[PDB]
Amino acid sequence: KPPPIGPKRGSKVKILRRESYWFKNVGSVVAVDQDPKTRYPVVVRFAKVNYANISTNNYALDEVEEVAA
Amino acid sequence: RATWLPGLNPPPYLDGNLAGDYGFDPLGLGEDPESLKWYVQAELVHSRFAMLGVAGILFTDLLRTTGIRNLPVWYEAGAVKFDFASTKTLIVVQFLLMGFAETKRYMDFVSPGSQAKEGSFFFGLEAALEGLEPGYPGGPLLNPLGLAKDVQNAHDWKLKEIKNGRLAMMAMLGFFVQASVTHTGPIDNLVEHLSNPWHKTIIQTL
Amino acid sequence: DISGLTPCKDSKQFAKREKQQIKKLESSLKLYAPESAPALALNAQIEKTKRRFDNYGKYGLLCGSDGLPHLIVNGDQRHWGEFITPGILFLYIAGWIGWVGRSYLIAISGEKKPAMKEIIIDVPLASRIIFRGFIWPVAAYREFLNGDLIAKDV
Amino acid sequence: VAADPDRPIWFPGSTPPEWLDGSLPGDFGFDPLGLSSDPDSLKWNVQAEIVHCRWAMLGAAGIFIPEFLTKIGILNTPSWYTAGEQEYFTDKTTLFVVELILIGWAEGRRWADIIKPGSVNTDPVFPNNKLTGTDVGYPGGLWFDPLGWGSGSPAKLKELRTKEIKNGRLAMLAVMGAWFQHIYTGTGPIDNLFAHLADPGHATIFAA
Amino acid sequence: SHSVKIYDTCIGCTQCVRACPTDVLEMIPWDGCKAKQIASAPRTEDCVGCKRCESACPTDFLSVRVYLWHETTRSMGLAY
Amino acid sequence: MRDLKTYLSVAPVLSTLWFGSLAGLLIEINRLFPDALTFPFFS
Ligand code: CLA
Ligand code: CLA
Ligand code: CLA
Ligand SMILES: CC(/C=C/C=C(C)/C=C/[C@@]12O[C@]1(C)C[C@@H](O)CC2(C)C)=C\C=C\C=C(C)\C=C\C=C(C)\C=C\[C@@]12O[C@]1(C)C[C@@H](O)CC2(C)C
Ligand SMILES: CC1=C(/C=C/C(C)=C/C=C/C(C)=C\C=C\C=C(C)\C=C\C=C(C)\C=C\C2=C(C)CCCC2(C)C)C(C)(C)CCC1
Ligand code: SF4
Ligand code: SF4
């Protein structure tokens with residue numbers, strides 16, 4: 001839909017992707033690609049970097065889950 | 001208010017409505033609220049036991065030093081062999097009875113209505129254990145006189161209680177250390193201080 | 001007298017160790033005048049050795065056939081000065097270190113860039129926390145009961 | 001606390017630092033290292049100077065007056081250096097503890113007065129008593145200021161406070177001078193003065 | 001020789017191939033990302049296995065991925 | 001200075017200060033209380 005499909009910009013989100021560095025770790029959604037053809041729109045910004053000194057990564061909608069806080 | 005040292009604001013997690021607060025929590029122990037409740041009940045019980053202790057030591061030593069009764073020194077008081085009973089029995093009896101007391105106090109602290117509702121038979125007395133408050137049980141068994149029938153609006157009485165009890169606890173620590181490095185009674189140390197105060201203190205112990 | 005070990009207050013080889021070390025330090029003492037700094041220091045080390053051996057005797061240490069104090073860790077009440085009382089003395093300090101460090105890391109956790117507070121140690125914050133580990137055996141117990149010691153996965 | 005951009009400074013021709021505006025009572029711009037570059041560091045060092053000054057003035061008096069009214073105005077004082085070896089009606093570690101317990105009270109009130117500017121003005125026993133001191137380091141109360149001289153115009157107060165710390169600075173210098181003298185020289189300070197006034201040349205720090 | 005694979009997590013930043021010193025990779029159009037391009041690996045025969053491609057893949061773990069496999073004279077990087 | 005104290009609070013400077021103080025503590029303890037193998041107080 002033209003309205004947002006994914007989490008809100010700023011919604012602290014958890015990663016269900018098993019192969020990511022931040023698995024079972026919280027994040028901070030900075031953007032969601034509203035194009036309904038990309039596979040991993042959810043641009044997250046974490047607090048601590050990965051082994052490649054990167055704090056951001058694209059994730060899917062099913063590979064993400066917002067916390068109750 | 002006056003919180004235990006001027007120039008410092010009291011912690012925001014304790015202020016005012018509590019028995020003798022004065023805002024002394026520099027080490028963040030009452031930061032969590034349920035921890036503070038548990039510690040309040042702990043403090044009250046500690047202070048009351050310590051008050052009974054200071055009375056039972058000062059009175060016995062007033063009788064001893066002056067020479068009214070030949071009671072033993074507080075230090076060497078546990079090994080008195082009683083004729084009718086033995087200490088080996090007394091420890092077990094204390095365990096039983098004070099268990100029935102303290103576990104009841106506990107199960108009231110976690111559930112205030114307990115010990116009075118249903119199947120809480122204590123010789124049919126399931127009404128004197130109403131509790132009315134944490135740390136202040138009330139009732140005909142525990143306050144027969146009932147000086148503070150109310151307990152929320154009894155801040156003067158609870159404040160007197162907790163202040164006298166903090167002081168009694170400090171005096172009990174005094175009894176513990178003062179009579180482990182001097183090996184006498186408190187009254188002996190006092191009259192040793194009141195003869196030559198500038199020559200008999202802690203640091204005059206070489 | 002346990003574990004086949006004689007006490008050091010009634011051991012022969014322990015006194016022999018004493019005599020041998022004293023003769024060793026006295027052999028190095030007949031090379032200087034008895035009032036100069038080397039001889040005074042050697043005599044001080046000699047008294048240090050003698051008091052050391054006598055203190056190991058009077059504490060009830062157990063000296064084996066080799067004549068050296070063998071510490072008992074099993075939990076014998078006579079030998080809690082060997083392991084259990086200094087063990088508690090250790091664990092109290094070690095948990096102090098851990099608890100002030102943990103409460104510090106939790107204190108800086110709500111910072112914009114917390115890592116700079118691990119490099120540039122916020123001495124006021126730590127110093128306000130540095131004595132908060134005095135009460136670690138009770139604060140940690142409550143944080144375990146309240147659920148604040150161990151983190152939750154989410 | 002009025003600034004004086006053209007005050008006389010410690011080192012004429014130099015530009016005094018920005019954090020010394022001239023406001024303080026006796027700030028001649030002497031801070032080369034920058035030990036008071038911060039505002040709160042300056043506020044702390046001010047009271048440190050004040051109390052070092054006052055303790056050093058009491059010290060200089062209790063050194064020289066017992067050493068002046070002993071060599072000429074004949075009295076009997078043991079010394080200022082070896083007075084800690086002398087004996088009194090109390091054990092040496094005991095009265096140290098007593099004066100610690102008694103001085104730490106006042107110094108804790110001072111700590112409170114520095115951290116919180118007005119917190120300790122009420123007498124905790126008799127709250128009708130008071131110290132009418134707005135300025136940190138200058139408690140205008142009865143026990144400290146009974147004669148009413150610590151009040152009035154801020155200019156007169158500033159000249160009086162710089163008079164105070166002016167006496168106190170050379171009091172500090174004099175006390176550590178007596179220290180280094182009684183160490184380097186054997187005899188006492190006023191005896192050192194008389195030996196200097198006998199022969200100013202062959203009586204100085206130099207002996208070789 | 002080596003088996004280079006590009007997974008669908010690629011953002012199309014063109015670092016994998018601008019780092020690759022042996023022309024193994026090449027960007028192609030795609031519809032799975034905002035950049036509308038993805039890397040492909042046709043010339044895997046020229047792949048030495050240096051993993052400069054996946055030392056420059058800015059994703060959760062990786063999108064480009066090099067699998068060490070049958071080593072030939074050109075994957076072993078031999079001038080002899 | 002604020003930045004000088006910021007540097008004194010850095011991990012190596014504060015570490016060597018802390019361990020110099022600590023080492024002096026343990027040193028003076030092992031000089032005042034040398035040769036210690038057993039805790040004899042309430043033994
Ligand atoms: C007790 C020491 C002490 C302290 C803390 C201060 C503090 C202060 N002074 Mg004062 N001052 C003192 C002694 C002291 N003074 C003495 C003795 C003199 C005369 C020599 C002066 C002369 C003076 C002038 C002329 C001025 C100040 C000013 C100031 C302020 C800014 C400078 C600063 O940050 O100082 C902080 C100082 C320290 C932290 C002390 C330094 C410590 C190091 C370790 C010294 C080591 C070297 C030293 C030379 C060895 C001493 C040997 C001795 C026997 C000679 C501050 C309030 C200025 C101001 O604003 O006035 C209000 C100003 O204009 N002071
Ligand atoms: C109030 C400050 C003051 C005063 C009046 C004196 C006075 C004296 N000192 Mg002492 N002294 C002082 C501070 C002071 N000193 C300090 C801070 C130190 C430590 C560095 C010393 C260390 C010292 C030693 C080791 C010895 C003396 C000696 C002497 C005497 C002979 C002078 C001499 O040998 O030159 C040496 C003088 C100095 C090292 C002082 C340095 C300069 C000070 C800071 C000047 C004081 C400020 C001044 C009042 C204002 C400026 C004056 C002028 C520019 C207008 C004389 C009585 C000697 C003695 O006892 O012989 C009898 C001696 O052996 N002094
Ligand atoms: C991990 C293995 C290990 C162990 C267990 C020991 C154990 C010991 N060594 Mg060995 N040592 C080791 C490794 C080890 N060492 C290594 C690797 C080296 C080479 C670097 C040495 C080199 C060495 C030498 C050269 C010497 C020792 C000595 C000692 C003894 C130290 C006793 C002492 O002074 O403490 C006393 C306690 C302290 C210093 C700690 C004080 C802590 C403070 C006061 C805080 C506690 C108070 C606090 C406020 C709480 C109180 C309670 C209340 C307030 C709550 C002890 C038997 C000395 C000795 O006597 O040998 C027998 C000695 O001479 N060791
Ligand atoms: C407090 C004090 C003395 C107190 C003395 C007392 C109580 C004496 C008591 C007694 O005598 C009696 C009564 C009787 C005796 O029987 C016993 C004792 C007990 C002995 C001295 C301070 C003495 C303090 C002194 C000398 C301080 C000197 C500081 C200087 C020179 C600072 C310089 C700088 O800091 C600035 C100003 C600016 C920076 O930017 C640059 C630099 C250069 C770093
Ligand atoms: C008696 C003894 C013995 C034995 C013993 C034993 C056997 C024990 C065991 C024990 C055990 C089996 C234990 C366990 C534990 C577990 C756990 C799980 C824990 C946890 C903990 C925690 C978690 C903590 C934390 C902390 C602290 C508190 C400190 C610092 C900080 C921190 C945070 C780190 C012997 C004879 C040898 C000797 C003598 C002594
Ligand atoms: S480096 Fe990775 S993310 Fe970037 S273009 Fe190549 S395959 Fe895609
Ligand atoms: S391993 Fe080396 S040669 Fe192979 S694709 Fe990656 S960068 Fe190119």
# chains A, B, ... in the order shown; residues from 1 in each chain; ligands from 1

$ residues_near_ligand --ligand "ligand 6" --cutoff "12 Å" --atoms "only C-alpha atoms and all ligand atoms" --output "ChimeraX atom specification"
/A:57-58 /E:4-20,24-30,32-41,51-66

$ residues_near_ligand --ligand "ligand 4" --cutoff "7 Å" --atoms "only C-alpha atoms and all ligand atoms" --output "ChimeraX atom specification"
/D:30-35,52-53,55-56,58-63,79-84,172-173,175-176

$ residues_around --residues "region 19-22 of chain A" --least-positions-apart "3" --cutoff "8 Å" --atoms "only C-alpha atoms" --output "PyMOL selection string"
(chain A and resi 15+25-26+50-51) or (chain E and resi 60-61)

$ closest_residue --among "D:99, D:107, D:91, D:191" --to "chain B" --atoms "only C-alpha atoms"
D:91

$ select_by_dssp --residues "region 110-159 of chain B" --states "helix (DSSP H, G or I)" --output "VMD selection string"
chain B and resid 110 155 to 159

$ write_last_selection --atoms "C-alpha atoms" --output "compact mmCIF listing (two decimals), in the first residue's frame"
# COMPACT_ATOMS: atom_id res chain seq x y z
CA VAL B 110 4.21 -11.36 50.77
CA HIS B 155 4.59 8.87 62.26
CA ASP B 156 5.79 10.12 65.65
CA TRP B 157 5.56 6.65 67.20
CA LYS B 158 7.16 4.84 64.26
CA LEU B 159 9.85 7.53 64.09

$ residues_near_ligand --ligand "ligand 1" --cutoff "10 Å" --atoms "only C-alpha atoms and all ligand atoms" --output "CSV table (one decimal) with N, CA and C atoms, in the first residue's frame"
chain,number,residue,atom,x,y,z
D,8,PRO,N,46.3,46.0,38.5
D,8,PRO,CA,47.8,45.6,38.5
D,8,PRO,C,47.9,44.1,38.6
D,9,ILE,N,48.8,43.5,37.8
D,9,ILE,CA,48.9,42.1,37.7
D,9,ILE,C,50.2,41.6,38.3
D,10,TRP,N,50.4,40.3,38.4
D,10,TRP,CA,51.6,39.7,38.9
D,10,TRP,C,52.8,40.0,38.1
D,11,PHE,N,52.6,40.2,36.8
D,11,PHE,CA,53.7,40.2,35.8
D,11,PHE,C,53.3,41.3,34.8
D,16,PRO,N,46.5,39.0,31.5
D,16,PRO,CA,46.0,38.0,32.4
D,16,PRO,C,45.0,37.1,31.7
D,17,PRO,N,44.8,35.9,32.3
D,17,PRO,CA,43.9,34.9,31.6
D,17,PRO,C,42.4,35.4,31.6
D,19,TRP,N,39.8,33.6,32.5
D,19,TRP,CA,39.0,33.1,33.6
D,19,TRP,C,39.3,33.9,34.9
D,20,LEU,N,40.2,34.9,34.9
D,20,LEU,CA,40.5,35.8,35.9
D,20,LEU,C,40.1,37.2,35.4
D,21,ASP,N,38.8,37.5,35.6
D,21,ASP,CA,38.2,38.8,35.1
D,21,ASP,C,38.6,40.0,36.0
D,22,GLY,N,39.2,39.8,37.1
D,22,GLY,CA,39.4,40.8,38.1
D,22,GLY,C,38.3,40.8,39.2
D,23,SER,N,37.3,39.9,39.1
D,23,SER,CA,36.2,40.0,40.0
D,23,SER,C,36.6,39.5,41.4
D,24,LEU,N,37.5,38.5,41.5
D,24,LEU,CA,37.8,37.9,42.8
D,24,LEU,C,38.5,38.9,43.7
D,25,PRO,N,38.5,38.7,45.0
D,25,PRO,CA,39.2,39.6,45.9
D,25,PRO,C,40.7,39.3,45.9
D,26,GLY,N,41.4,39.8,45.0
D,26,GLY,CA,42.9,39.7,45.0
D,26,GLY,C,43.4,38.9,43.8
D,27,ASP,N,42.7,39.0,42.7
D,27,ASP,CA,43.2,38.3,41.5
D,27,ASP,C,44.0,39.2,40.6
D,28,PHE,N,45.3,39.0,40.7
D,28,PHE,CA,46.3,39.7,39.9
D,28,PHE,C,46.7,38.9,38.6
D,29,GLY,N,45.8,38.0,38.2
D,29,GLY,CA,46.1,37.3,36.9
D,29,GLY,C,47.1,36.2,37.0
D,30,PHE,N,47.5,35.7,38.1
D,30,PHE,CA,48.6,34.8,38.3
D,30,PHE,C,48.0,33.3,38.2
D,31,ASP,N,48.0,32.8,37.0
D,31,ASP,CA,47.6,31.4,36.7
D,31,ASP,C,48.2,31.0,35.4
D,32,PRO,N,49.5,30.8,35.4
D,32,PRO,CA,50.2,30.4,34.1
D,32,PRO,C,49.8,29.0,33.7
D,33,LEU,N,49.8,28.1,34.6
D,33,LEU,CA,49.6,26.7,34.3
D,33,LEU,C,48.1,26.4,33.9
D,34,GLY,N,47.2,27.3,34.3
D,34,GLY,CA,45.8,27.1,34.0
D,34,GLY,C,45.1,26.2,35.0
D,35,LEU,N,45.5,26.1,36.3
D,35,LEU,CA,44.9,25.2,37.2
D,35,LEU,C,43.5,25.7,37.6
D,36,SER,N,43.0,26.8,37.2
D,36,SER,CA,41.6,27.3,37.4
D,36,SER,C,41.0,27.7,36.1
D,37,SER,N,41.3,27.0,35.0
D,37,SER,CA,40.7,27.3,33.8
D,37,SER,C,39.2,27.1,33.8
D,38,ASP,N,38.8,26.1,34.5
D,38,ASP,CA,37.4,25.7,34.6
D,38,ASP,C,36.7,26.6,35.6
D,41,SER,N,36.5,24.6,39.0
D,41,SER,CA,37.8,24.4,39.5
D,41,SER,C,38.3,25.8,40.2
D,42,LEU,N,37.9,26.9,39.6
D,42,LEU,CA,38.3,28.2,40.2
D,42,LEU,C,37.5,28.4,41.5
D,43,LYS,N,36.2,28.0,41.5
D,43,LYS,CA,35.4,28.2,42.7
D,43,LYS,C,36.0,27.3,43.8
D,44,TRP,N,36.5,26.2,43.5
D,44,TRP,CA,37.1,25.3,44.5
D,44,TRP,C,38.4,25.9,45.0
D,45,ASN,N,39.3,26.2,44.0
D,45,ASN,CA,40.6,26.7,44.4
D,45,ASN,C,40.5,28.0,45.2
D,46,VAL,N,39.5,28.8,45.0
D,46,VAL,CA,39.3,30.0,45.8
D,46,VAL,C,39.2,29.7,47.3
D,47,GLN,N,38.3,28.8,47.6
D,47,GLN,CA,38.1,28.4,49.0
D,47,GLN,C,39.3,27.6,49.5
D,48,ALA,N,40.0,26.9,48.6
D,48,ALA,CA,41.3,26.3,49.0
D,48,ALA,C,42.3,27.3,49.4
D,49,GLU,N,42.4,28.4,48.6
D,49,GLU,CA,43.3,29.5,48.9
D,49,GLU,C,42.9,30.1,50.3
D,50,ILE,N,41.6,30.3,50.4
D,50,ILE,CA,41.1,31.0,51.6
D,50,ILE,C,41.5,30.2,52.9
D,51,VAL,N,41.2,28.9,52.9
D,51,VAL,CA,41.4,28.2,54.1
D,51,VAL,C,42.9,27.8,54.3
D,52,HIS,N,43.7,27.6,53.2
D,52,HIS,CA,45.1,27.5,53.4
D,52,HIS,C,45.7,28.8,53.9
D,53,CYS,N,45.2,29.9,53.5
D,53,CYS,CA,45.6,31.2,54.0
D,53,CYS,C,45.3,31.4,55.5
D,55,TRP,N,44.5,29.0,57.8
D,55,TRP,CA,45.3,28.1,58.6
D,55,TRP,C,46.7,28.5,58.7
D,56,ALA,N,47.3,29.0,57.6
D,56,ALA,CA,48.7,29.4,57.5
D,56,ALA,C,48.9,30.6,58.4
D,161,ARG,N,38.7,41.6,51.6
D,161,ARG,CA,39.0,40.2,51.3
D,161,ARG,C,40.4,40.0,50.6
D,162,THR,N,40.8,40.9,49.8
D,162,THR,CA,42.1,40.9,49.2
D,162,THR,C,43.1,41.2,50.2
D,165,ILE,N,43.5,37.7,52.0
D,165,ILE,CA,44.4,36.7,51.3
D,165,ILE,C,45.8,37.3,51.0
D,166,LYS,N,45.9,38.6,51.0
D,166,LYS,CA,47.3,39.1,50.9
D,166,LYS,C,48.1,38.8,52.1
D,167,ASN,N,47.6,39.0,53.3
D,167,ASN,CA,48.3,38.6,54.5
D,167,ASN,C,48.5,37.1,54.5
D,168,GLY,N,47.5,36.3,54.0
D,168,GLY,CA,47.5,34.9,54.1
D,168,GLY,C,48.5,34.3,53.2
D,169,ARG,N,48.8,34.9,52.0
D,169,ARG,CA,49.7,34.3,51.0
D,169,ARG,C,51.1,34.3,51.6
D,170,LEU,N,51.6,35.5,52.1
D,170,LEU,CA,52.9,35.5,52.7
D,170,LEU,C,52.9,34.8,54.0
D,171,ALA,N,51.7,34.6,54.7
D,171,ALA,CA,51.7,33.7,55.8
D,171,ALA,C,52.1,32.3,55.4
D,172,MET,N,51.5,31.8,54.3
D,172,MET,CA,51.9,30.5,53.8
D,172,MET,C,53.4,30.4,53.5
D,173,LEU,N,53.9,31.4,52.8
D,173,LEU,CA,55.3,31.5,52.4
D,173,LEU,C,56.1,31.5,53.7
D,174,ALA,N,55.7,32.2,54.7
D,174,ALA,CA,56.5,32.3,56.0
D,174,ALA,C,56.5,31.0,56.7
D,175,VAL,N,55.4,30.2,56.7
D,175,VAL,CA,55.3,29.0,57.4
D,175,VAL,C,56.2,27.9,56.7
D,176,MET,N,56.1,27.8,55.4
D,176,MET,CA,57.0,26.9,54.7
D,176,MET,C,58.4,27.4,54.7
D,177,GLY,N,58.7,28.7,54.9
D,177,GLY,CA,60.0,29.2,55.1
D,177,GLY,C,60.6,28.7,56.4
D,178,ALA,N,59.7,28.8,57.5
D,178,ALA,CA,60.2,28.3,58.8
D,178,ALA,C,60.4,26.8,58.7
D,179,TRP,N,59.6,26.0,58.0
D,179,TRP,CA,59.8,24.6,57.7
D,179,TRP,C,61.2,24.4,57.1
D,180,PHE,N,61.5,25.0,55.9
D,180,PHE,CA,62.7,24.8,55.2
D,180,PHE,C,63.9,25.3,56.0
F,1,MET,N,43.1,21.9,34.7
F,1,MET,CA,42.5,22.0,33.4
F,1,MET,C,41.5,20.9,33.1

$ residues_around --residues "residue 56 (chain C)" --least-positions-apart "3" --cutoff "10 Å" --atoms "only C-alpha atoms" --output "PyMOL selection string"
(chain C and resi 7-9+14+50-53+59-63+68-69) or (chain F and resi 35-38+40)

$ residues_near_ligand --ligand "ligand 3" --cutoff "12 Å" --atoms "only C-alpha atoms and all ligand atoms" --output "tab-separated table (two decimals) with N, CA and C atoms, in the first residue's frame"
chain	number	residue	atom	x	y	z
C	48	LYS	N	63.19	-11.31	60.89
C	48	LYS	CA	62.04	-11.57	60.04
C	48	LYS	C	61.84	-13.06	59.82
C	49	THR	N	62.92	-13.78	59.52
C	49	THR	CA	62.84	-15.22	59.31
C	49	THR	C	62.42	-15.94	60.59
C	52	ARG	N	58.89	-15.30	61.33
C	52	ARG	CA	58.10	-16.00	60.32
C	52	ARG	C	57.90	-17.46	60.72
C	53	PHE	N	59.00	-18.14	61.05
C	53	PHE	CA	58.91	-19.55	61.43
C	53	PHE	C	58.10	-19.72	62.71
C	55	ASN	N	55.73	-17.75	63.80
C	55	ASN	CA	54.33	-17.48	63.52
C	55	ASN	C	53.68	-18.65	62.81
C	56	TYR	N	54.40	-19.28	61.88
C	56	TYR	CA	53.87	-20.48	61.25
C	56	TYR	C	53.75	-21.62	62.25
C	68	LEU	N	57.74	-28.29	55.50
C	68	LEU	CA	57.16	-27.06	54.97
C	68	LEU	C	55.67	-27.06	55.27
C	69	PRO	N	55.06	-25.90	55.51
C	69	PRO	CA	53.64	-25.89	55.91
C	69	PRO	C	52.74	-26.33	54.76
C	70	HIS	N	51.99	-27.40	54.99
C	70	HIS	CA	51.02	-27.91	54.03
C	70	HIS	C	49.64	-27.42	54.42
C	71	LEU	N	49.05	-26.59	53.57
C	71	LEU	CA	47.76	-25.98	53.87
C	71	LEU	C	46.64	-26.98	53.67
C	81	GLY	N	41.63	-20.47	58.47
C	81	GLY	CA	42.59	-19.43	58.16
C	81	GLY	C	43.47	-19.73	56.97
C	82	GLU	N	43.49	-20.99	56.52
C	82	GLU	CA	44.30	-21.36	55.37
C	82	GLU	C	43.60	-20.97	54.07
C	83	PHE	N	42.34	-21.36	53.90
C	83	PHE	CA	41.60	-21.14	52.66
C	83	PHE	C	40.28	-20.40	52.83
C	85	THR	N	38.58	-18.50	55.32
C	85	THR	CA	38.45	-17.09	55.71
C	85	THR	C	39.14	-16.18	54.70
C	86	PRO	N	40.36	-16.45	54.24
C	86	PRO	CA	40.89	-15.64	53.14
C	86	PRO	C	40.15	-15.86	51.84
C	87	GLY	N	39.49	-17.01	51.67
C	87	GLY	CA	38.67	-17.19	50.48
C	87	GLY	C	37.47	-16.26	50.47
C	88	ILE	N	36.81	-16.12	51.61
C	88	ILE	CA	35.74	-15.14	51.74
C	88	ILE	C	36.30	-13.73	51.58
C	89	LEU	N	37.46	-13.48	52.18
C	89	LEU	CA	38.11	-12.18	52.03
C	89	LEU	C	38.40	-11.87	50.56
C	90	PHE	N	38.78	-12.89	49.79
C	90	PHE	CA	38.98	-12.69	48.36
C	90	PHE	C	37.65	-12.38	47.70
C	91	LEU	N	36.71	-13.32	47.78
C	91	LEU	CA	35.47	-13.24	47.03
C	91	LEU	C	34.73	-11.94	47.31
C	92	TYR	N	34.91	-11.39	48.51
C	92	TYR	CA	34.28	-10.08	48.86
C	92	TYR	C	34.90	-8.96	48.01
C	93	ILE	N	36.23	-8.98	47.85
C	93	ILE	CA	36.91	-7.96	47.05
C	93	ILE	C	36.67	-8.19	45.57
C	94	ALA	N	36.71	-9.45	45.15
C	94	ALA	CA	36.54	-9.78	43.74
C	94	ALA	C	35.14	-9.42	43.27
C	95	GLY	N	34.13	-9.69	44.09
C	95	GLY	CA	32.79	-9.26	43.76
C	95	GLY	C	32.62	-7.77	43.87
C	96	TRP	N	33.40	-7.11	44.73
C	96	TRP	CA	33.43	-5.65	44.72
C	96	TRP	C	33.88	-5.14	43.37
C	97	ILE	N	35.00	-5.67	42.87
C	97	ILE	CA	35.53	-5.27	41.57
C	97	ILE	C	34.48	-5.49	40.49
C	131	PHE	N	32.44	2.75	46.02
C	131	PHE	CA	32.03	2.25	47.33
C	131	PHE	C	30.70	1.53	47.30
C	133	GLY	N	30.14	-1.17	45.71
C	133	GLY	CA	30.43	-2.58	45.77
C	133	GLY	C	30.74	-3.09	47.15
C	134	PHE	N	30.75	-2.21	48.16
C	134	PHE	CA	30.87	-2.66	49.54
C	134	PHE	C	29.70	-3.56	49.92
C	135	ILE	N	28.52	-3.28	49.38
C	135	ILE	CA	27.30	-4.00	49.69
C	135	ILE	C	26.91	-4.97	48.58
C	136	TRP	N	27.86	-5.39	47.74
C	136	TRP	CA	27.54	-6.29	46.64
C	136	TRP	C	26.87	-7.61	47.06
C	137	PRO	N	27.20	-8.26	48.18
C	137	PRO	CA	26.55	-9.56	48.45
C	137	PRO	C	25.05	-9.46	48.70
F	21	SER	N	48.89	3.05	43.42
F	21	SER	CA	48.28	3.15	44.75
F	21	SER	C	48.05	1.77	45.34
F	22	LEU	N	47.48	0.86	44.56
F	22	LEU	CA	47.24	-0.50	45.01
F	22	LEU	C	48.54	-1.20	45.35
F	23	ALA	N	49.56	-1.02	44.52
F	23	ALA	CA	50.81	-1.71	44.76
F	23	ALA	C	51.48	-1.18	46.01
F	24	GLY	N	51.41	0.13	46.23
F	24	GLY	CA	51.90	0.67	47.48
F	24	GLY	C	51.15	0.12	48.67
F	25	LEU	N	49.83	-0.06	48.51
F	25	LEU	CA	49.03	-0.65	49.58
F	25	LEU	C	49.51	-2.05	49.92
F	26	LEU	N	49.54	-2.94	48.92
F	26	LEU	CA	49.95	-4.32	49.16
F	26	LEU	C	51.41	-4.39	49.62
F	27	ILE	N	52.26	-3.50	49.12
F	27	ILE	CA	53.67	-3.49	49.51
F	27	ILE	C	53.79	-3.15	50.99
F	28	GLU	N	53.13	-2.08	51.41
F	28	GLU	CA	53.22	-1.68	52.81
F	28	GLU	C	52.54	-2.69	53.71
F	29	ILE	N	51.56	-3.43	53.19
F	29	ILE	CA	50.97	-4.50	53.97
F	29	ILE	C	51.95	-5.65	54.13
F	30	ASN	N	52.65	-6.01	53.06
F	30	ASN	CA	53.62	-7.10	53.13
F	30	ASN	C	54.92	-6.68	53.81
F	31	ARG	N	55.10	-5.40	54.11
F	31	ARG	CA	56.18	-4.95	54.99
F	31	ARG	C	55.73	-4.88	56.44
F	32	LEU	N	54.51	-4.40	56.69
F	32	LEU	CA	53.99	-4.34	58.04
F	32	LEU	C	53.48	-5.70	58.50
F	33	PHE	N	52.94	-6.47	57.56
F	33	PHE	CA	52.40	-7.81	57.81
F	33	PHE	C	53.07	-8.81	56.87
F	34	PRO	N	54.38	-9.02	57.00
F	34	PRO	CA	55.09	-9.88	56.06
F	34	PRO	C	54.80	-11.36	56.30
F	35	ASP	N	55.22	-12.17	55.32
F	35	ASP	CA	55.42	-13.60	55.51
F	35	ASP	C	54.15	-14.32	55.97
F	36	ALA	N	53.04	-13.98	55.33
F	36	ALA	CA	51.72	-14.37	55.80
F	36	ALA	C	51.18	-15.53	54.98
F	37	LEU	N	50.89	-16.65	55.65
F	37	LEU	CA	50.27	-17.81	55.03
F	37	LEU	C	48.90	-18.16	55.59
F	38	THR	N	48.61	-17.81	56.84
F	38	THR	CA	47.34	-18.14	57.47
F	38	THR	C	46.75	-16.93	58.17
F	39	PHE	N	45.44	-16.78	58.04
F	39	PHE	CA	44.67	-15.73	58.68
F	39	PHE	C	44.41	-16.10	60.13
F	40	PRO	N	45.17	-15.57	61.11
F	40	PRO	CA	45.05	-16.10	62.47
F	40	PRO	C	43.94	-15.47	63.28

$ atom_distance --atom1 "CA of residue 146 (chain C)" --atom2 "CA of residue 35 (chain B)"
8.0 Å

$ closest_residue --among "C:148, C:143, C:122, C:153" --to "residue 11 (chain F)" --atoms "only C-alpha atoms"
C:122

$ atom_distance --atom1 "CA of residue 104 (chain C)" --atom2 "CA of residue 140 (chain C)"
14.1 Å
